[PDB]
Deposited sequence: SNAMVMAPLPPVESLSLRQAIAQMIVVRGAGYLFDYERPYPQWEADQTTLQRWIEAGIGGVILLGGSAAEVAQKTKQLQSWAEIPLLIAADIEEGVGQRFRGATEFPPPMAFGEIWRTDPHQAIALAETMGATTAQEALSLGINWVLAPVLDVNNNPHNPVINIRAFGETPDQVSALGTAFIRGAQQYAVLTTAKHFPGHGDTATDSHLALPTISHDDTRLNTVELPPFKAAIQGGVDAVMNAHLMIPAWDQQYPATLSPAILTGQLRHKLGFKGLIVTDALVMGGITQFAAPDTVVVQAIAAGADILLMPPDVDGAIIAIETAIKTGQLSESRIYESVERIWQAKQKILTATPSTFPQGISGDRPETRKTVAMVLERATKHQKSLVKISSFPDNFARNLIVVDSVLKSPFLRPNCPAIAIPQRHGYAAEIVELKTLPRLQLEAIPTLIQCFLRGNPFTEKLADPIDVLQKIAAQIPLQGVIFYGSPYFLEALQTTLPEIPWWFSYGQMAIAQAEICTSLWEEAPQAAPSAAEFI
């Protein structure tokens, strides 16, 4: 059960407003990012001190099930446990179901809205159901950003489309689908990251548009989701000069309170986007940030750089009259209302879809319909006489490439043998001139300063080398420039980078056990 609010000490109350960051992996030494991800002693200590929630990245699903069990066992007040699963729990945690990125659904809506809505619906339902089963009760999604800028490095295919109505529908469908289970759902990133070429992880972006446009494009998904009863809204770190010329949205009273809590009438959790992000740490000190953000009306501080001193800063702000105890508890009340929703509810593996056919088919359907082509069928050759050239953003970021994955195995049956290189390395690579297939896995994500421009390196290569064809996985936006730069060579494209998206494409083109 949940204890009455006023029974908390001012410190326990403040602590609730803080969400820290762990790893899915059980042990300290497995942590990929020890700078940002607390160890067990620090995590237990925080939870026993009343920390409000934990956001987890990394680990197999079976592990997260084990982590969240452990984490919850240290908590007197049940923890909000969040993970960013946009593409489905499978995106974050191997062993759960990964869906194709939202922009894939975007396609289907253009052509067939009634069906697109319904897929997003079960996209949300399944995401919501598997999450509960891993012990994750807070889904930070849907992304409601309207992507108007082909060059947007951070949002890109994470988005349901380029127009507000497309995004409105497909985003509320997802919320509707998840609403079938008890998990918080999160609209992000207010008031939309849609238009920039700049990534707020790297630096502070500025969207120039005025209030008229802002209500015309950026806002409606958000309006829709709030009327929808989305549980939480995560703002981005952005300069919105038409609303505030001083502060980024994270720190602005006019934005978080004036525009959002008041004008749009959002009664849920206003959540700062991660507070360790380059965009914001560059703007102000970690303590200025926490206090100013609460001032601005944020209910939840997501991943503050210094947690121990942040609580202390808020305590000191409260004594110096810069904030008041009542303010803190208004935030607790909202936190209670959401912790109330999550307490009503799955034991791993039970609830994971797995080999369940109905799910596998839904994933395959979405890929198929969202696909884009020129039909053409390419050449076959004898063993290792040809080259399957796989080009990826980073190799440490390419989990979708695994031994015997369709993108490798299939072109191999046909004589092309795989070479895997990073797009940044390619230009400096001297290729044997032999029939060659190029598959680029490239898309936008967090920590992408600018998108991939394979077109130049490719044209150089079409002249140097006998291209059979080029497959693009991930971002669509470079097709326009591909058809224009190289009409000669046929191309195929899919939104999915995953094994089953690979299988579909590669098939259409036509011994090791350990």
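- Residues of the deposited sequence lacking C-alpha coordinates, counted from 1, fall in the stretches 1-7, 353-354, 384-385, 522-531.
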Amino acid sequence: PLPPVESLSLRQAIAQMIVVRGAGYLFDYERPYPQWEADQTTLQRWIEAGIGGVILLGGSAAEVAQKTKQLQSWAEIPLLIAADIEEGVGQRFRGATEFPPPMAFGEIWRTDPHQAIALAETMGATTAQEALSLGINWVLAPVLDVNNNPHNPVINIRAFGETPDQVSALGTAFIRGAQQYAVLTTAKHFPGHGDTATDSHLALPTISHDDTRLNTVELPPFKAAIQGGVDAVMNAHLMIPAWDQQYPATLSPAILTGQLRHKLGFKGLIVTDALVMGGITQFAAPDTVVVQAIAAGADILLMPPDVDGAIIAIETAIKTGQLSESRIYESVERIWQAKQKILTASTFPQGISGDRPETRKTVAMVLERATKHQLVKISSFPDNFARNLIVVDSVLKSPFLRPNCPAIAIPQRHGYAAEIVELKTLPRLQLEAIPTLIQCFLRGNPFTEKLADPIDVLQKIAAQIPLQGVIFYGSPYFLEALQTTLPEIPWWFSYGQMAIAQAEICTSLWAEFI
From here on, numbers count along this sequence of modelled residues.
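- Higher average CA B factor: 353-361, of the stretches 75-83 and 353-361.
- Between the stretches 14-22 and 495-503, it is 495-503 that shows the larger average CA temperature factor.
- When the C-alpha B factors of 126, 179, 292, 246 are read from the deposited coordinates, the top value falls at 246.
- Remark: of 133, 316, 91, 324, 324 shows the highest value [criterion: C-alpha B-factor in the PDB entry].
- For residue 145, the recorded CA B-factor ranks within the middle third of the chain. Only modelled residues enter the ranking.
- Remark: residue 432 belongs to the highest third of its chain, ranked by C-alpha B-factor as recorded.
- Among all modelled residues in this chain, the alpha-carbon of residue 63 has a temperature factor (C-alpha) in the lowest third.
- Among the modelled residues of the chain, residue 231 sits in the middle third by CA temperature factor in this PDB entry.
- Among the modelled residues of its chain, residue 197 has a C-alpha B-factor that falls in the highest third, as given in the PDB entry.
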